[PDB]
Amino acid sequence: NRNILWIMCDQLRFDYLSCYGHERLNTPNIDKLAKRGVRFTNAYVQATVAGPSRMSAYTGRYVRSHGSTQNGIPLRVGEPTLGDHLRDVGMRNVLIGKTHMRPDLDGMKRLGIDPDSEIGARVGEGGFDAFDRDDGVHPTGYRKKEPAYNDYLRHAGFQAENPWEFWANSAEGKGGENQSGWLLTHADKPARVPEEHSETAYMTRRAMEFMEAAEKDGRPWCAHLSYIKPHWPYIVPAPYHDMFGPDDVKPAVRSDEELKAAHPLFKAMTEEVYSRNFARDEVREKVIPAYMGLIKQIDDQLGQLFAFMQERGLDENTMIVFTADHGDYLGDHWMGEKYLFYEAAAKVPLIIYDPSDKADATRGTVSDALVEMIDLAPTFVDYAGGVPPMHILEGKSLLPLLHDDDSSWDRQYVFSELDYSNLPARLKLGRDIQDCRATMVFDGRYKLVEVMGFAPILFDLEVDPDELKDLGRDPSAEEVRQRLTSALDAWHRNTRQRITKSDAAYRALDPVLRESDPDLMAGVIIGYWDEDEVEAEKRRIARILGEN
């Protein structure tokens, strides 16, 4: 069997891995994946927020296609998913961790699908077999299925009304006061929970447990190990909470001038509470060391996972992908969170290690090919031995980039989308709910964001790598604006909604379509004067079919 382990971390910046240049945070286990595989430096997500980014990852389709545009918007019933495509070629699609899926209960009810049936559960899980579904954010008192992690904590002797919140995501003060990890001021406090029982440790162990169980199921698998960290709450168990400090924190990338007459959508984002707080040096210096500790814990735990795989021979037959759903500003551009399309939000780490001999020639290399998160789906289908259905999947298999040391890659532009109708910006910018649209196009140098109702945003990342000089209204950038806008015009038109007939289904008939009339083959006779005319054409059809 050839398997796939798809590792994702939520809200992980590409530049917080040492293989992508971080000077103070050593991630040797993740770096080793890159040393033996391919590291991608132009990988972009198709939205920069958890839900829509992940819906694109799990469908291989743009947000403009699937329509799950914001956190919590259910993925429509009947939307094809990666799980469907892998099942079609005999590979399991299994989840250990987060997807941010919300079931289309209304759509299922219409179709009489019991949401708790085998089919219904899988539809609600976005085409995943949920070994351990856990989106990693469980405030009191969220209403959903209890994450297995809560019962795990209780069984391990950690009792609470909300074990996830109290034990894994809060600290206890020197006096006994409760220090909620929801609060940025407590990023420096050690979580109550011992490291071995923390979320990242738990989920890593669950992945090991899955692999053990899967080995004597016998079927090939694609396992999505999807970590919530380093997404907030920004709090980590000892010894990771005091491993780093303010001196390890790289400077914020921002300027006073970039705020002057800023694009209205950008201005609105800087006004949110997370942005105002991450604007403060005191906040960055306290929170970012926790973020770094969370990533270090992931790297340590992946070391355990990879050792486990090696000792069971899984290292020889399992392709490993390491990536993120989007980044985190942590104060860059005067923002917190991950809205808009600056590098820190929209560019993700992407490392792929295929242990197959076919990938030998590219080991330890760096690809600057324009790559999208939606490329993973066809990559996986291709790896699994199937022909990716390109009337449904909108991306490109990455296998040629792993398997050819000098392959031709025809993508000229990557794209990403934001529907901001659930943000205060909708009201501040005076937009109707359906009219809060922003779309990024990037060609490797120029990044343009079209914002409906407004001027575009434009950066030249060669001259202005920190994206501090918006050229959206600059007369000197007219030619670039026109080219990138034309790319957007074509992209909006390049739909893949014709999902119930493949291109392949047209081709066998082409010799008859070229010279004759395929309708006659079914006895449908359109535009013929007399019997002689019909029969003469039927003889031409017979001749053509004889030639082919």
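So that there is no doubt, residue numbering starts at 1 and follows the sequence shown.
Averaged over their C-alpha atoms, the temperature factors of 202-210 and 402-410 are higher for 402-410.
Remark: stretch with higher mean C-alpha B factor among 152-160 and 219-227 is 152-160.
The residue among 331, 83, 246, 107 whose C-alpha atom has the highest B-factor in the PDB entry is 246. Ranking 279, 373, 96, 452 by Cα temperature factor from the entry places 279 first. In the PDB entry, residue 7 places in the lowest third of its chain by CA B-factor. Ranked against the other modelled residues of its chain, the C-alpha B-factor of residue 364 as given in the entry falls in the highest third. Per the deposited record, the Cα B-factor of residue 118 falls in the highest third when ranked against the other modelled residues of its chain. Sort the modelled residues of the chain by CA B factor and residue 356 lands in the highest third. The deposited CA B-factor of residue 168 belongs to the middle third of values across its chain.
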